[PDB]
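Colleague: Handing over upload_8.pdb, PDB, C-alpha atoms (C1' of nucleotides).
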```
ATOM      1  CA  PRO F   1    -112.112 -28.277 102.029  1.00  0.00           C
ATOM      2  CA  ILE F   2    -114.439 -29.944  99.555  1.00  0.00           C
ATOM      3  CA  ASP F   3    -116.265 -26.634  99.967  1.00  0.00           C
ATOM      4  CA  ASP F   4    -113.397 -25.113  98.001  1.00  0.00           C
ATOM      5  CA  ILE F   5    -113.788 -27.961  95.510  1.00  0.00           C
ATOM      6  CA  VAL F   6    -117.492 -27.102  95.476  1.00  0.00           C
ATOM      7  CA  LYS F   7    -116.581 -23.547  94.540  1.00  0.00           C
ATOM      8  CA  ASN F   8    -113.759 -24.954  92.421  1.00  0.00           C
ATOM      9  CA  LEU F   9    -116.193 -27.268  90.649  1.00  0.00           C
ATOM     10  CA  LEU F  10    -118.599 -24.375  90.160  1.00  0.00           C
ATOM     11  CA  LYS F  11    -115.817 -22.431  88.463  1.00  0.00           C
ATOM     12  CA  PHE F  12    -115.028 -25.349  86.164  1.00  0.00           C
ATOM     13  CA  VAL F  13    -118.545 -25.819  84.797  1.00  0.00           C
ATOM     14  CA  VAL F  14    -119.172 -22.066  84.718  1.00  0.00           C
ATOM     15  CA  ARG F  15    -115.983 -21.975  82.644  1.00  0.00           C
ATOM     16  CA  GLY F  16    -116.073 -25.386  80.980  1.00  0.00           C
ATOM     17  CA  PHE F  17    -119.432 -25.173  79.239  1.00  0.00           C
ATOM     18  CA  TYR F  18    -120.007 -21.501  80.072  1.00  0.00           C
ATOM     19  CA  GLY F  19    -118.363 -18.275  78.987  1.00  0.00           C
ATOM     20  CA  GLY F  20    -115.479 -16.666  80.814  1.00  0.00           C
ATOM     21  CA  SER F  21    -117.397 -13.785  82.379  1.00  0.00           C
ATOM     22  CA  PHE F  22    -119.660 -16.313  84.129  1.00  0.00           C
ATOM     23  CA  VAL F  23    -116.976 -16.992  86.751  1.00  0.00           C
ATOM     24  CA  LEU F  24    -116.345 -13.298  87.431  1.00  0.00           C
ATOM     25  CA  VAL F  25    -119.613 -13.013  89.344  1.00  0.00           C
ATOM     26  CA  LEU F  26    -118.605 -16.285  90.989  1.00  0.00           C
ATOM     27  CA  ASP F  27    -115.324 -15.124  92.511  1.00  0.00           C
ATOM     28  CA  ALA F  28    -116.558 -11.627  93.332  1.00  0.00           C
ATOM     29  CA  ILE F  29    -119.384 -12.807  95.577  1.00  0.00           C
ATOM     30  CA  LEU F  30    -117.381 -15.861  96.605  1.00  0.00           C
ATOM     31  CA  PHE F  31    -115.019 -13.446  98.367  1.00  0.00           C
ATOM     32  CA  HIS F  32    -117.658 -12.795 101.038  1.00  0.00           C
ATOM     33  CA  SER F  33    -120.884 -14.743 101.494  1.00  0.00           C
ATOM     34  CA  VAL F  34    -122.965 -11.753 102.607  1.00  0.00           C
ATOM     35  CA  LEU F  35    -121.945  -9.069 100.124  1.00  0.00           C
ATOM     36  CA  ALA F  36    -123.587  -5.821  99.100  1.00  0.00           C
ATOM     37  CA  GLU F  37    -124.892  -6.044  95.549  1.00  0.00           C
ATOM     38  CA  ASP F  38    -123.283  -2.798  94.381  1.00  0.00           C
ATOM     39  CA  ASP F  39    -119.795  -3.851  95.506  1.00  0.00           C
ATOM     40  CA  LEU F  40    -119.576  -6.365  92.669  1.00  0.00           C
ATOM     41  CA  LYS F  41    -121.194  -3.810  90.380  1.00  0.00           C
ATOM     42  CA  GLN F  42    -118.824  -1.134  91.674  1.00  0.00           C
ATOM     43  CA  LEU F  43    -115.590  -3.112  91.319  1.00  0.00           C
ATOM     44  CA  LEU F  44    -116.654  -4.437  87.916  1.00  0.00           C
ATOM     45  CA  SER F  45    -117.940  -0.925  87.128  1.00  0.00           C
ATOM     46  CA  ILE F  46    -120.092  -2.274  84.302  1.00  0.00           C
ATOM     47  CA  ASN F  47    -123.580  -1.619  82.967  1.00  0.00           C
ATOM     48  CA  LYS F  48    -126.836  -3.213  84.114  1.00  0.00           C
ATOM     49  CA  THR F  49    -127.215  -5.124  80.836  1.00  0.00           C
ATOM     50  CA  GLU F  50    -123.650  -6.367  81.393  1.00  0.00           C
ATOM     51  CA  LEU F  51    -124.809  -7.555  84.858  1.00  0.00           C
ATOM     52  CA  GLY F  52    -128.488  -8.472  84.475  1.00  0.00           C
ATOM     53  CA  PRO F  53    -128.213 -11.489  82.175  1.00  0.00           C
ATOM     54  CA  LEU F  54    -125.249 -12.687  84.237  1.00  0.00           C
ATOM     55  CA  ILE F  55    -127.433 -12.444  87.353  1.00  0.00           C
ATOM     56  CA  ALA F  56    -129.936 -14.576  85.446  1.00  0.00           C
ATOM     57  CA  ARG F  57    -127.578 -17.562  85.367  1.00  0.00           C
ATOM     58  CA  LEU F  58    -126.640 -17.184  89.040  1.00  0.00           C
ATOM     59  CA  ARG F  59    -130.284 -17.711  89.985  1.00  0.00           C
ATOM     60  CA  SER F  60    -131.180 -19.751  86.898  1.00  0.00           C
ATOM     61  CA  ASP F  61    -128.654 -22.259  88.221  1.00  0.00           C
ATOM     62  CA  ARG F  62    -129.655 -21.265  91.787  1.00  0.00           C
ATOM     63  CA  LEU F  63    -125.913 -21.164  92.499  1.00  0.00           C
ATOM     64  CA  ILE F  64    -126.136 -17.647  93.948  1.00  0.00           C
ATOM     65  CA  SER F  65    -129.194 -17.578  96.188  1.00  0.00           C
ATOM     66  CA  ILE F  66    -128.955 -13.821  96.642  1.00  0.00           C
ATOM     67  CA  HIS F  67    -130.068 -13.400 100.239  1.00  0.00           C
ATOM     68  CA  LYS F  68    -131.714 -10.068 100.997  1.00  0.00           C
ATOM     69  CA  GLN F  69    -128.887  -8.858 103.209  1.00  0.00           C
ATOM     70  CA  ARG F  70    -131.056  -6.427 105.142  1.00  0.00           C
ATOM     71  CA  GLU F  71    -129.125  -3.783 107.057  1.00  0.00           C
ATOM     72  CA  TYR F  72    -130.158  -1.253 109.664  1.00  0.00           C
ATOM     73  CA  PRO F  73    -130.306   1.962 107.631  1.00  0.00           C
ATOM     74  CA  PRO F  74    -129.509   5.183 109.512  1.00  0.00           C
ATOM     75  CA  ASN F  75    -132.566   7.029 108.136  1.00  0.00           C
ATOM     76  CA  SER F  76    -134.995   4.447 109.616  1.00  0.00           C
ATOM     77  CA  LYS F  77    -136.099   3.118 106.225  1.00  0.00           C
ATOM     78  CA  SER F  78    -135.773   0.135 103.902  1.00  0.00           C
ATOM     79  CA  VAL F  79    -132.305  -1.406 103.641  1.00  0.00           C
ATOM     80  CA  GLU F  80    -131.194  -4.611 101.912  1.00  0.00           C
ATOM     81  CA  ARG F  81    -128.528  -5.986  99.574  1.00  0.00           C
ATOM     82  CA  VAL F  82    -128.358  -9.021  97.271  1.00  0.00           C
ATOM     83  CA  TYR F  83    -125.938 -11.155  99.268  1.00  0.00           C
ATOM     84  CA  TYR F  84    -125.517 -14.409  97.354  1.00  0.00           C
ATOM     85  CA  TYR F  85    -125.904 -16.976 100.133  1.00  0.00           C
ATOM     86  CA  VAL F  86    -124.777 -19.911  98.014  1.00  0.00           C
ATOM     87  CA  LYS F  87    -127.007 -22.977  98.205  1.00  0.00           C
ATOM     88  CA  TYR F  88    -124.209 -25.424  97.413  1.00  0.00           C
ATOM     89  CA  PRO F  89    -126.345 -28.602  97.754  1.00  0.00           C
ATOM     90  CA  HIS F  90    -129.404 -27.474  95.826  1.00  0.00           C
ATOM     91  CA  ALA F  91    -127.305 -25.784  93.152  1.00  0.00           C
ATOM     92  CA  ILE F  92    -125.541 -29.002  92.172  1.00  0.00           C
ATOM     93  CA  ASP F  93    -128.655 -31.127  92.679  1.00  0.00           C
ATOM     94  CA  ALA F  94    -130.298 -29.687  89.582  1.00  0.00           C
ATOM     95  CA  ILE F  95    -126.900 -29.680  87.872  1.00  0.00           C
ATOM     96  CA  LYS F  96    -126.548 -33.431  88.304  1.00  0.00           C
ATOM     97  CA  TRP F  97    -130.071 -33.812  86.966  1.00  0.00           C
ATOM     98  CA  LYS F  98    -129.158 -31.286  84.285  1.00  0.00           C
ATOM     99  CA  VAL F  99    -126.129 -33.403  83.430  1.00  0.00           C
ATOM    100  CA  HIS F 100    -128.280 -36.537  83.424  1.00  0.00           C
ATOM    101  CA  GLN F 101    -130.698 -34.905  81.004  1.00  0.00           C
ATOM    102  CA  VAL F 102    -128.053 -34.275  78.359  1.00  0.00           C
ATOM    103  CA  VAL F 103    -126.927 -37.872  78.867  1.00  0.00           C
ATOM    104  CA  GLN F 104    -130.533 -38.847  78.218  1.00  0.00           C
ATOM    105  CA  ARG F 105    -130.091 -36.848  75.030  1.00  0.00           C
ATOM    106  CA  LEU F 106    -127.444 -39.514  74.443  1.00  0.00           C
ATOM    107  CA  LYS F 107    -128.817 -42.518  76.325  1.00  0.00           C
ATOM    108  CA  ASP F 108    -131.983 -42.281  74.256  1.00  0.00           C
ATOM    109  CA  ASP F 109    -129.828 -41.461  71.239  1.00  0.00           C
ATOM    110  CA  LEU F 110    -128.080 -44.842  71.341  1.00  0.00           C
ATOM    111  CA  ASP F 111    -131.178 -46.275  69.643  1.00  0.00           C
ATOM    112  CA  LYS F 112    -130.752 -43.641  66.926  1.00  0.00           C
ATOM    113  CA  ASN F 113    -127.804 -45.564  65.577  1.00  0.00           C
ATOM    114  CA  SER F 114    -125.403 -47.182  63.101  1.00  0.00           C
ATOM    115  CA  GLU F 115    -127.181 -49.592  60.784  1.00  0.00           C
ATOM    116  CA  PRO F 116    -130.148 -48.616  58.607  1.00  0.00           C
ATOM    117  CA  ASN F 117    -133.511 -50.168  59.427  1.00  0.00           C
ATOM    118  CA  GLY F 118    -135.953 -47.531  58.207  1.00  0.00           C
TER     119      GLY F 118
ATOM    120  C1'  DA L   1    -137.412  75.043  31.343  1.00  0.00           C
ATOM    121  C1'  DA L   2    -132.987  72.309  32.435  1.00  0.00           C
ATOM    122  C1'  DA L   3    -129.735  68.884  35.006  1.00  0.00           C
ATOM    123  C1'  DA L   4    -128.880  63.802  37.240  1.00  0.00           C
ATOM    124  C1'  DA L   5    -130.013  59.153  38.812  1.00  0.00           C
ATOM    125  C1'  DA L   6    -132.703  54.708  38.667  1.00  0.00           C
ATOM    126  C1'  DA L   7    -135.575  51.870  36.568  1.00  0.00           C
ATOM    127  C1'  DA L   8    -137.555  49.454  32.303  1.00  0.00           C
ATOM    128  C1'  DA L   9    -136.010  46.182  29.846  1.00  0.00           C
ATOM    129  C1'  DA L  10    -133.095  41.667  27.083  1.00  0.00           C
ATOM    130  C1'  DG L  11    -130.127  39.269  25.683  1.00  0.00           C
ATOM    131  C1'  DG L  12    -127.031  36.505  26.989  1.00  0.00           C
ATOM    132  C1'  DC L  13    -123.381  34.010  30.978  1.00  0.00           C
ATOM    133  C1'  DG L  14    -123.338  30.185  32.368  1.00  0.00           C
ATOM    134  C1'  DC L  15    -124.304  26.534  34.442  1.00  0.00           C
ATOM    135  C1'  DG L  16    -129.317  23.901  37.409  1.00  0.00           C
ATOM    136  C1'  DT L  17    -132.483  20.407  33.992  1.00  0.00           C
ATOM    137  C1'  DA L  18    -130.183  15.064  32.526  1.00  0.00           C
ATOM    138  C1'  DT L  19    -125.575  13.093  32.246  1.00  0.00           C
ATOM    139  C1'  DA L  20    -121.843   8.796  33.213  1.00  0.00           C
ATOM    140  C1'  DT L  21    -116.598   8.686  33.540  1.00  0.00           C
ATOM    141  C1'  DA L  22    -113.511   8.055  36.951  1.00  0.00           C
ATOM    142  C1'  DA L  23    -110.365   8.711  40.373  1.00  0.00           C
ATOM    143  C1'  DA L  24    -109.208  12.653  44.054  1.00  0.00           C
ATOM    144  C1'  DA L  25    -111.704  15.158  49.843  1.00  0.00           C
ATOM    145  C1'  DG L  26    -115.552  15.779  53.326  1.00  0.00           C
ATOM    146  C1'  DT L  27    -120.386  16.128  55.138  1.00  0.00           C
ATOM    147  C1'  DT L  28    -124.169  14.763  57.126  1.00  0.00           C
ATOM    148  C1'  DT L  29    -127.158  11.444  58.587  1.00  0.00           C
ATOM    149  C1'  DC L  30    -128.251   7.406  61.161  1.00  0.00           C
ATOM    150  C1'  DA L  31    -128.063   4.514  64.875  1.00  0.00           C
ATOM    151  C1'  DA L  32    -126.011   2.359  69.044  1.00  0.00           C
ATOM    152  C1'  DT L  33    -124.390   4.235  73.565  1.00  0.00           C
ATOM    153  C1'  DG L  34    -124.452   7.104  77.657  1.00  0.00           C
ATOM    154  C1'  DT L  35    -126.726  10.204  81.123  1.00  0.00           C
ATOM    155  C1'  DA L  36    -129.529  13.529  84.029  1.00  0.00           C
ATOM    156  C1'  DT L  37    -134.693  14.051  84.312  1.00  0.00           C
ATOM    157  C1'  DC L  38    -139.343  13.437  84.385  1.00  0.00           C
ATOM    158  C1'  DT L  39    -142.718  10.252  86.444  1.00  0.00           C
ATOM    159  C1'  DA L  40    -145.488   6.423  89.470  1.00  0.00           C
ATOM    160  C1'  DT L  41    -145.304   3.445  93.247  1.00  0.00           C
ATOM    161  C1'  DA L  42    -145.054   0.872  96.554  1.00  0.00           C
ATOM    162  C1'  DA L  43    -142.474   0.991 100.442  1.00  0.00           C
ATOM    163  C1'  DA L  44    -140.741   4.168 104.289  1.00  0.00           C
ATOM    164  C1'  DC L  45    -143.808   7.211 108.964  1.00  0.00           C
ATOM    165  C1'  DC L  46    -147.283   9.316 111.289  1.00  0.00           C
ATOM    166  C1'  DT L  47    -151.641   9.729 112.717  1.00  0.00           C
ATOM    167  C1'  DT L  48    -156.196   7.894 113.102  1.00  0.00           C
ATOM    168  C1'  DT L  49    -159.830   4.800 114.843  1.00  0.00           C
ATOM    169  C1'  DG L  50    -162.228   0.437 116.038  1.00  0.00           C
ATOM    170  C1'  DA L  51    -161.422  -3.687 119.161  1.00  0.00           C
ATOM    171  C1'  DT L  52    -159.307  -4.914 123.813  1.00  0.00           C
ATOM    172  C1'  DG L  53    -157.234  -6.996 128.725  1.00  0.00           C
ATOM    173  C1'  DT L  54    -157.763  -5.289 132.571  1.00  0.00           C
ATOM    174  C1'  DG L  55    -156.764  -1.404 137.184  1.00  0.00           C
ATOM    175  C1'  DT L  56    -159.949  -0.238 139.786  1.00  0.00           C
ATOM    176  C1'  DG L  57    -163.986  -1.288 141.837  1.00  0.00           C
ATOM    177  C1'  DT L  58    -169.333  -3.156 144.676  1.00  0.00           C
ATOM    178  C1'  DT L  59    -170.061  -7.850 147.712  1.00  0.00           C
ATOM    179  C1'  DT L  60    -168.219 -11.125 150.852  1.00  0.00           C
ATOM    180  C1'  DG L  61    -166.113 -12.316 154.655  1.00  0.00           C
ATOM    181  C1'  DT L  62    -162.425 -10.592 158.153  1.00  0.00           C
ATOM    182  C1'  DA L  63    -159.028  -9.729 163.478  1.00  0.00           C
ATOM    183  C1'  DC L  64    -159.814  -6.296 166.353  1.00  0.00           C
ATOM    184  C1'  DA L  65    -159.703  -2.831 169.170  1.00  0.00           C
ATOM    185  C1'  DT L  66    -163.768  -0.800 170.273  1.00  0.00           C
TER     186       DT L  66
END
```
Just give me the structure of the file as structure tokens.

Modeller:
Amino acid sequence: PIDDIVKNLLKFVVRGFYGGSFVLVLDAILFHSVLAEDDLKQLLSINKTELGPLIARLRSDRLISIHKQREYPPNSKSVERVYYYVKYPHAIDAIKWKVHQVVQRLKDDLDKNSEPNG
DNA sequence: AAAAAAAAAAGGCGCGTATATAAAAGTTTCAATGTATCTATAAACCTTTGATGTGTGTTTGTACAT
């Protein structure tokens, strides 16, 4: 549905004005909403400084609200995983405002213009 | 008293002191990367100990032979 477009649109921006690797964490956790954190790390098989700053954007854009996918461990102890429960509405909401802001960095800039007065 | 082996002793071989020329080969040293190994630490359990509704309990009022 538009939900695919929502994910589609997320890919575009995360690849339009973002680097290529930005969408890799998109698709990986887009495969399954409630995903174990290591699975993406395991399949990518990459370092934690090749994953940390990418995780930053996912929550810096709030696109991947990594839900604490708590599981029932067999040892009777703590169990959880960073399952990116995407907050589709809220993610774009800032984005639209984010977009607006750069336009303000042009809508204001229209007065910084052609013919010399100063 | 006589024979044999090592030291006393010096002068010099021959390139370290620069020393710059340049190519030719190679080393080591430095730093980013990767990994098992300490640790605390706060988050797992287990036990403890102070606060706690209440099952059982003292007065009220009872059908019920006695």

Colleague: Using all atoms listed in the file for the distances, tell me which of L:63, L:33, L:40, L:56 is nearest to chain F.

Modeller: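 Distance minimum relative to chain F lands on L:33.
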
Colleague: Give me, please, the distance in Å between atom CA of residue 90 of chain F and atom CA of residue 63 of chain F, quoted to one decimal.

Modeller: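 So the answer is 7.9 Å.
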
Colleague: Decode the PyMOL selection byres ((chain F and resi 25) around 9) for the given file into explicit residues and return them as an MDAnalysis selection string.

Modeller: chainID F and resid 21:24 26:30 40 51 54:55 58

Colleague: Which residues would end up in the selection if the PyMOL selection byres ((chain F) within 9 of (chain L)) were applied here, given that I need the answer as a list in words?

Modeller: residues 76, 77 and 78 of chain F

Colleague: Which residues would end up in the selection if the PyMOL selection byres ((chain F and resi 81) around 7) were applied here, given that I need the answer as an MDAnalysis selection string?

Modeller: chainID F and resid 36:37 68:70 80 82:83
